Each structure stands twice: as C-alpha cells, then as structure tokens.
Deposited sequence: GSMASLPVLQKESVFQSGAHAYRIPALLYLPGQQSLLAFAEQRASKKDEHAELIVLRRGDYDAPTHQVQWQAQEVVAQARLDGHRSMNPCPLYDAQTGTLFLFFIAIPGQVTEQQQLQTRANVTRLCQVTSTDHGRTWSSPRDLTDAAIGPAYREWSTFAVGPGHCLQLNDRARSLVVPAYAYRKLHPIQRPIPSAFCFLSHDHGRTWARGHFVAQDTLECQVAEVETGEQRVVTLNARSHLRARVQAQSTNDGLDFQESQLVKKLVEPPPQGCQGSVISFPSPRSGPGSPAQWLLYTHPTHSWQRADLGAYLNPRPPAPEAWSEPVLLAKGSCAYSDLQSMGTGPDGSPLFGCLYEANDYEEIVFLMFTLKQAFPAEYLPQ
C-alpha cells in the first residue's frame, strides 16, 4: 500500500507568497544536472499565472542524489503586459542552445473567454540561453512566423506543457508538442487537437505539424525505433490517446485510444511520456507518469512499454505517490547507481500546494523486468 521506494523524493516548489503549478523537467546530459521550471501564479487558478520560475539541480554521483539551487524568475520569459505559462524546455545537442518555449496571454484574460468568444489572443513565445539557464535572451514572440495564417483558425492554443523533443533525423529537428482549439463548425464548439511545431534549422524558423484524431489536449512526444515519433495526449474521454508519426512529426498516420491509461472525469489530466534505451528487440522502451485514480487526480503511477508503440503492451502502473497528484514531467537521466535506466520526475502534489521531484531507476519501478 506504500508508495514505491525511490532514490529521491524532495519538494522543490511550495505554496507561499505565490502558488506553483505546471512543472517541466530538462536533463542537461553534458552537465549531469536538471532544469526544473514551473508557473509562479498569484493564486492556484490558471488566469492568475504570472511568470516562470526556475531551479537548477545537480546530480551528485557519490550519493546518487540531486541538489537544487534556489528558485529564480526567468525574468526574460514574458511579453509586456502578458502573463507567462506552459514552460516547454528543450536542449539542442548540436548548437548547445537551451530553448524555453512558453505562452503569453494578456493580463487575466481567461482561456474560457477566448474559447466562447472564438478569439485567439495567446502568443507563442520562446527564450534561449547559451550558458545552461544562467542568463537568457530577449523573448522572441514566434506567433507570426509559426502560426501566421492559422492564428485565426484557432480559438486558442498552448505548447506542452513539459519538455520538448529533438529528433535524430538528418537535420536534428526541434519538435515542440502542442494542441489547438480549431474553429471547424459554425455552431458546434471548436474541438482541440494535438500537433507539433517543427523546425529543421535549429530554431531559426518554425512550422506547424499537422493535427491528430479530434479531441486531444496537452501532449508530449518521444522518438523510438524505422524511426517513429510516439505522442501521448490528454483527452476528455476516459483514457489517453496516443499516436505515431513516420514522417518526423509532420503527420500522425496511426492514432488509437489506450484504455490501460486512464483519465479523470472532467477533461483528463496532463501526463508525461519519454523513451529510453531497452535493457534487453526494439532499441527503446517508453515510460509514462500520470494519475491512476479514475474519479480524481491522485496516485501518480508509472507505466512501462517494452514493445513501443504497441498500445496493448503498456503495463499496469506502479504507485509513485499516494493521494493528490496532478501534472508531471519525466526525463531520461541515463544509467542509474544500480545500472538501470535513471529517471527524473517532477509532479504536482497535494491540491497543487507543492511540486515534488522524484528519482528512481528502472530496477526500482519494474523489478519484474530483471
């Protein structure tokens, strides 16, 4: 009945003068340290988002523990008179440039307002850093160059939330997952769909990836063995929707509903997925974390997929945290102290009053595999 015994469990963000929701985790391999982002909201309500905070954590080897440095505001991540939300970090392994994509919405203008008004006022922004997050660039509002023509086709949009992807294609392309509320019917309300923002010139210029099966929300993507881009998305149904792309995220040919991966009643809850080298035919497996309770957001579980992307291959979950659990973001941290794949997990806990950092090896969560 207890949670899974892990290598680490520390509360990295807590309620105080501000509340903190919507976590993001980035593993800088050349540093052997993580970057944890989160929304610093004046309250726990979405419209009360304000800026994005950051904390750098450095993995100590002798102790197999991570040590976080004081939290700080990524002051640059924001547009004049706009709030910031949905941090989506990504490290370009080739140029060594750190990217932090985010959303900028005018003051306290709600999401709901944009939806029932069918008037998109959200803006796609990004900030870069060439010193591991120590200093950032001036914010770059990509709204025009990435969306442009389609901006009026959406009631509203958002990126992530969570870490992004960089394919191992000829050009090492950046893939920023997302979803959008598309105005398709004159009467029927706009239905959201997942999709990815693509870039093949290392952030110079972006492009919109094509949508997936209707009714998909926040999502994440991971690459796996020829070469595919599996995407896991939140849905208003009662289970996760996943899809595969064989053309580097430009289109998703296959799209199914995975019943083994449940979703809470309202409109589900953001979950997270990543891939890692396979311990033992396929070169990689997938790991996913999301609440396992079916009525509410609680009991964050970890799911394993040893035959990606076969839907039915997903495993039964393992309890990572008992009680109130919401959003989360995973990260492949390489080889763990016990020679198993190492994982870094950031998750929303206790009625959104703290964001917890979890660290465990594949051997701890899925011993059955060994």
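K.L.:
Point out each run of deposited residues with no C-alpha coordinates, keeping the order of the sequence.
P.N.:
In the chain as deposited, 1-2, 228-230, 286-289, 380-382 carry no coordinates.
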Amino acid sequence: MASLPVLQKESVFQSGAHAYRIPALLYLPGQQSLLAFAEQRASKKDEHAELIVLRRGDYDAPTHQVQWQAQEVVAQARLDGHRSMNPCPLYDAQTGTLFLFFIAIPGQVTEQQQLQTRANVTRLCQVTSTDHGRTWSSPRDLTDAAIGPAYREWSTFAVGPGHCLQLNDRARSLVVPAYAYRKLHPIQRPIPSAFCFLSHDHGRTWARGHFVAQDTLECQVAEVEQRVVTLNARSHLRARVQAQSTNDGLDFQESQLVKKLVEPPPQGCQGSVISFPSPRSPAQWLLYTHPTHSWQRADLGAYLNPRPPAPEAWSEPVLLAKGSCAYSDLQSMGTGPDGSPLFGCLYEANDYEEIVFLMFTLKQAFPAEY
From here on, numbers count along this sequence of modelled residues.
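Think of the rigid core as the biggest set of C-alphas that the two forms share within 1.5 Å after superposition.
K.L.:
Do you reckon 143-151 or 172-180 strays further from the shown form in 5 other deposited structures of this protein, measuring C-alpha RMS after a core fit?
P.N.:
Of 143-151 and 172-180, the stretch deviating more in 5 other deposited structures of this protein is 143-151.
K.L.:
Name the stretch that deviates more in 5 other deposited structures of this protein: 202-210, or 187-195? Use RMS CA distance to the shown form, core superposed.
P.N.:
Looking at 187-195 and 202-210 in 5 other deposited structures of this protein, the bigger mover is 187-195.
K.L.:
Taking the other compared entries of this protein, do a third or more of them lack coordinates for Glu111?
P.N.:
Yes, a third or more of the compared structures omit it.
K.L.:
Of the other PDB entries compared that resolve residues on either side of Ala42, does at least a third omit it?
P.N.:
Yes: coordinates for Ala42 absent from at least a third of the compared entries.
K.L.:
Do the C-alpha atoms of 30-38 or of 303-311 have the higher average B factor in the entry?
P.N.:
Comparing 303-311 with 30-38, the higher mean C-alpha B-factor belongs to 303-311.
K.L.:
With respect to the recorded C-alpha B factors, which stretch has the higher mean value, 61-69 or 41-49?
P.N.:
The deposited B-factors put 41-49 ahead on the C-alpha mean.
K.L.:
Just the C-alpha B-factor column, please: which of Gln76, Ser129, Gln242, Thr292 has the biggest number?
P.N.:
Spelled out: the listed residue with the top C-alpha B-factor is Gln76.
K.L.:
Sort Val229, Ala283, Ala180, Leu261 by C-alpha B-factor from the entry and give me just the highest.
P.N.:
Top of the list by C-alpha B-factor: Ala283.
K.L.:
Ranked by Cα temperature factor within the chain, is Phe276 in the lowest third, the middle third or the highest third?
P.N.:
Lowest third of the chain for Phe276's C-alpha B-factor.
K.L.:
Is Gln296 in the lowest, middle or highest third of its chain when residues are ranked by C-alpha B-factor?
P.N.:
Middle third - that is where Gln296 ends up once the chain's C-alpha B-factors are sorted.
K.L.:
Once the chain's modelled residues are ordered by C-alpha B factor and cut into thirds, is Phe252 in the lowest, middle or highest one?
P.N.:
Tercile = highest for this residue's CA B-factor.
K.L.:
Per the entry's values, where does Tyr151 land by CA temperature factor relative to the rest of its chain, in the lowest, middle or highest third?
P.N.:
Its C-alpha B-factor belongs to the highest third of this chain's values.
K.L.:
For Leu4, return the chain-relative third of its C-alpha B-factor as stated in the PDB record: lowest, middle or highest.
P.N.:
Bottom third by C-alpha B-factor.
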